[PDB]
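This report refers to the structure that appears directly beneath it.
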Amino acid sequence: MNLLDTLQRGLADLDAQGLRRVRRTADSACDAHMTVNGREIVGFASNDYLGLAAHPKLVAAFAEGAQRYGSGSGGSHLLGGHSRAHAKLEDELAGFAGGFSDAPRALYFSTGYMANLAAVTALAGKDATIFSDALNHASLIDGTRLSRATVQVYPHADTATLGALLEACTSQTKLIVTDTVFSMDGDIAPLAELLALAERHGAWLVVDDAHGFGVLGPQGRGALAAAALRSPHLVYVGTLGXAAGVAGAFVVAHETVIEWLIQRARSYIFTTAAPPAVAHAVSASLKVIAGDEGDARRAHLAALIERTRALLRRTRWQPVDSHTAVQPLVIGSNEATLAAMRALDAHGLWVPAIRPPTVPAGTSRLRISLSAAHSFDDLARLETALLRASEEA
């Protein structure tokens, strides 16, 4: 009983702090309009930035992929589970997103969480120093903890400070690690200056483009293509369960880097390869992302972003200066953020509250996440509800 009682007290303490998390259950596919807890809503909670999670081509690819390659991979990519579906997808990803490299190769992972663990731990050992943006994603931070390296945190996007830290650092191996698009803020890292610093100081630059892949850059090729950056120092992590509408993740880097991850990365080696139908569906998604339809979805998303920037600034609260689909509205306390979320729920809209530990204390926020599936009428409803929530506050 004592073990369970300690957890019970912890749960009660979270409740009292306004930090209790509650799952909601979707009864229909992820989409702008969908059924959640048995009610019809307009959803702004998901990361489905291009509206692809419900796309008929991806649905059909699940069926076809399972029919061609079965249900389970049966094991590790290094022990029987590596399918032609995975191999083809790796070739496709290297060709699509590897333009920053003179000798690209891609490596497919079942989750972005584990791709990040692999990139950080394989490249930074006990004598290395990692320099990490203060607002990096949890999986990057877990990667830095698993690695044997010393970890220096630099203030968010503060390249002046990072440069001073790199100059002061005497490690032979240095790694700079950053989100590209920050998951709870929507700003974009200063990638050109970060790369200039990595080249000046002999460091790897590991960039996590989970929220930029598919939505930034020419044909959606991501943040490095948008920034037109090229270097052997770059190690690119993309994920496939956000704008790409399926699941999984990938690392693109110099061929030699990928060889090293295959040989050494524990979160690549010691896990079951994802079902080959999932890879087959990602291959279908990349064709949608890269072509005229992907261009049209990105263009409509950009229009929604313009209108959302305007409507958020009509409230009393402080939006982040974001030009991406991630449109957060900072409210402050946990209680005021939950109250604003509940007010929007009453208008049939789901805009989720975000609270510590995800964001710093005192910066709890609503996270409006836009999708190309959203309409201008959806935003008009969001505007009306937020103005009422703001007036009521």
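Order determines the names: the first chain of the structure tokens is A, the second B, and so forth; residues in each chain are numbered 1 upward, and ligands are numbered 1 upward as they are shown.
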
>> Can you tell me, as JSON, numbers by chain, which residues in segment 131-310 of chain A count as strand (DSSP E) by DSSP?
In response: {"A": [131, 132, 133, 150, 151, 152, 153, 154, 174, 175, 176, 177, 178, 179, 203, 204, 205, 206, 207, 208, 234, 235, 236, 237, 238, 239, 249, 250, 251, 252, 253, 254]}

> Using only C-alpha atoms, which residues sit within 10 Å of segment 165-179 of chain A once same-chain residues fewer than 6 positions away are excluded, as a PyMOL selection string?
Replying inline: chain A and resi 116+119-120+123-137+140-141+144+149-154+156-157+159+187-191+194-195+197-198+200-212+233-235+237

For the contact check between segment 183-269 of chain A and segment 90-113 of chain A, emit one row per residue of segment 183-269 of chain A within 9 Å, containing the shortest atom pair and the distance in Å rounded to one decimal, counting only C-alpha atoms, chain then rising number order, as a tab-separated table.
residue	atom	partner	partner_atom	distance
A:208	CA	A:112	CA	8.9
A:210	CA	A:112	CA	7.6
A:213	CA	A:97	CA	8.8
A:220	CA	A:97	CA	8.9
A:221	CA	A:97	CA	5.3
A:222	CA	A:97	CA	7.1
A:224	CA	A:100	CA	7.0
A:225	CA	A:100	CA	7.3
A:228	CA	A:100	CA	7.7
A:229	CA	A:100	CA	6.0
A:230	CA	A:100	CA	4.0
A:231	CA	A:101	CA	6.1
A:232	CA	A:101	CA	6.0
A:233	CA	A:101	CA	9.0
A:234	CA	A:100	CA	7.7
A:236	CA	A:98	CA	8.5
A:237	CA	A:112	CA	7.7
A:238	CA	A:112	CA	7.2
A:239	CA	A:112	CA	5.4
A:240	CA	A:112	CA	7.9
A:241	CA	A:111	CA	8.3
A:247	CA	A:111	CA	6.8
A:248	CA	A:111	CA	4.3
A:249	CA	A:112	CA	4.7
A:250	CA	A:108	CA	4.4
A:251	CA	A:107	CA	5.2
A:252	CA	A:106	CA	4.4
A:253	CA	A:104	CA	5.6
A:254	CA	A:104	CA	4.9
A:255	CA	A:105	CA	5.0
A:256	CA	A:105	CA	8.4
A:257	CA	A:105	CA	8.5
A:258	CA	A:105	CA	6.4
A:259	CA	A:105	CA	8.8
A:261	CA	A:107	CA	8.4
A:262	CA	A:107	CA	8.1
A:267	CA	A:109	CA	8.4
A:268	CA	A:109	CA	6.7

> Of the candidates A:368, A:379, A:138, A:346, which one gets nearest to residue 40 of chain A if we count only C-alpha atoms?
Replying inline: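 When distances to residue 40 of chain A are compared using only C-alpha atoms, the smallest one comes from A:346.
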
>> Can you pull out every residue from segment 121-345 of chain A that DSSP, working from the backbone, puts in helix (DSSP H, G or I), and format the result as number ranges by chain?
In response: A: 121-123, 138-146, 159-168, 191-201, 218-220, 223-227, 255-264, 266-269, 276-290, 292-312, 334-345

>> Rounded to one decimal, what separation in Å do you get between atom CA of residue 320 of chain A and atom CA of residue 185 of chain A?
In response: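 So the answer is 6.1 Å.
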
> Could you name the residues that touch residue 289 of chain A at 8 Å or less, counting only C-alpha atoms, but leaving out those on the same chain fewer than 6 positions away, as a PyMOL selection string?
Replying inline: chain A and resi 214+219-220+244+295

> So how far away is atom CA of residue 122 of chain A from atom CA of residue 264 of chain A, in Å?
Replying inline: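 Taking atom CA of residue 264 of chain A and atom CA of residue 122 of chain A, their separation equals 6.3 Å.
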
> Using only C-alpha atoms, which residue out of A:391, A:64, A:48, A:292 lies closest to residue 325 of chain A?
Replying inline: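 Once distances to residue 325 of chain A are computed over only C-alpha atoms, the minimum belongs to A:48.
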
> Out of A:215, A:4, A:284, A:274, which residue has the shortest atom-to-atom distance to residue 56 of chain A when counting only C-alpha atoms?
Replying inline: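 Checking each of A:215, A:4, A:284, A:274 against residue 56 of chain A, counting only C-alpha atoms, the winner is A:284.
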
> So what do you get for atom CA of residue 78 of chain A versus atom CA of residue 279 of chain A, distance-wise?
Replying inline: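 Taking atom CA of residue 78 of chain A and atom CA of residue 279 of chain A, their separation equals 16.7 Å.
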
>> Restricting the calculation to only C-alpha atoms: of A:227, A:146, A:50, A:277, which residue gets closest to residue 67 of chain A?
In response: A:277

> In terms of the shortest atom-to-atom distance over only C-alpha atoms, which of A:46, A:61, A:192, A:282 is closest to residue 226 of chain A?
Replying inline: A:192

>> Given only C-alpha atoms as the basis, pick out the residue of A:373, A:118, A:330, A:382 nearest to residue 355 of chain A.
In response: A:330

> So which residues touch residue 79 of chain A within 10 Å, counting only C-alpha atoms, skipping near sequence neighbours fewer than 5 positions away, as a list in words?
Replying inline: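 So, after excluding close chain neighbours, the residues are residues 74, 269, 270, 271, 272 and 273 of chain A.
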
Residues of segment 264-357 of chain A within 12 Å of segment 20-25 of chain A: nearest atom pair and distance (Å, one decimal) for each, counting only C-alpha atoms, sorted by chain and number, as CSV?
residue,atom,partner,partner_atom,distance
A:334,CA,A:20,CA,10.0
A:335,CA,A:20,CA,11.1
A:338,CA,A:20,CA,10.5
A:350,CA,A:24,CA,10.3
A:352,CA,A:24,CA,10.7
A:353,CA,A:21,CA,9.8
A:354,CA,A:21,CA,9.8
A:355,CA,A:21,CA,9.4
A:356,CA,A:20,CA,10.4
A:357,CA,A:21,CA,11.4

Go ahead and save the picked residues with N, CA, C and O atoms, as an mmCIF file, in the first residue's frame.
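The result, stored in selection.cif:
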data_model
loop_
_atom_site.group_PDB
_atom_site.id
_atom_site.type_symbol
_atom_site.label_atom_id
_atom_site.label_comp_id
_atom_site.auth_asym_id
_atom_site.auth_seq_id
_atom_site.Cartn_x
_atom_site.Cartn_y
_atom_site.Cartn_z
ATOM 1 N N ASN A 334 -2.245 28.225 -14.949
ATOM 2 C CA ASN A 334 -2.925 26.994 -15.340
ATOM 3 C C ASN A 334 -4.431 27.189 -15.319
ATOM 4 O O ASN A 334 -5.130 26.782 -16.255
ATOM 5 N N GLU A 335 -4.945 27.816 -14.264
ATOM 6 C CA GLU A 335 -6.390 27.943 -14.122
ATOM 7 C C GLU A 335 -6.980 28.822 -15.213
ATOM 8 O O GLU A 335 -8.018 28.480 -15.793
ATOM 9 N N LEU A 338 -6.944 26.765 -18.510
ATOM 10 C CA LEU A 338 -8.002 25.754 -18.553
ATOM 11 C C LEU A 338 -9.368 26.400 -18.738
ATOM 12 O O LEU A 338 -10.230 25.872 -19.451
ATOM 13 N N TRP A 350 -12.023 22.559 -30.074
ATOM 14 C CA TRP A 350 -11.022 22.030 -29.151
ATOM 15 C C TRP A 350 -9.695 22.741 -29.399
ATOM 16 O O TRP A 350 -9.041 22.513 -30.419
ATOM 17 N N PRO A 352 -6.311 23.063 -27.201
ATOM 18 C CA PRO A 352 -5.844 22.474 -25.943
ATOM 19 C C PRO A 352 -5.020 23.441 -25.109
ATOM 20 O O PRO A 352 -4.239 24.234 -25.620
ATOM 21 N N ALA A 353 -5.217 23.364 -23.798
ATOM 22 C CA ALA A 353 -4.330 24.014 -22.846
ATOM 23 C C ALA A 353 -3.002 23.281 -22.781
ATOM 24 O O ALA A 353 -2.962 22.046 -22.789
ATOM 25 N N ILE A 354 -1.915 24.048 -22.709
ATOM 26 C CA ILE A 354 -0.553 23.537 -22.537
ATOM 27 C C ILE A 354 -0.019 24.132 -21.249
ATOM 28 O O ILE A 354 -0.107 25.348 -21.062
ATOM 29 N N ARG A 355 0.565 23.279 -20.374
ATOM 30 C CA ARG A 355 0.957 23.678 -19.024
ATOM 31 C C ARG A 355 2.322 23.095 -18.690
ATOM 32 O O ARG A 355 2.812 22.214 -19.400
ATOM 33 N N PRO A 356 2.960 23.536 -17.614
ATOM 34 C CA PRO A 356 4.153 22.831 -17.139
ATOM 35 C C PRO A 356 3.864 21.341 -17.012
ATOM 36 O O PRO A 356 2.728 20.957 -16.697
ATOM 37 N N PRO A 357 4.857 20.476 -17.228
ATOM 38 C CA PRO A 357 6.262 20.842 -17.472
ATOM 39 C C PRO A 357 6.604 21.156 -18.914
ATOM 40 O O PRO A 357 7.772 21.443 -19.193
#

>> If we count only C-alpha atoms and set the cut-off at 9 Å, which residues sit around residue 374 of chain A, ignoring sequence neighbours fewer than 4 positions away in its own chain? Please answer as a PyMOL selection string.
In response: chain A and resi 31-33+42-44+51+300-301+304+370+378-379
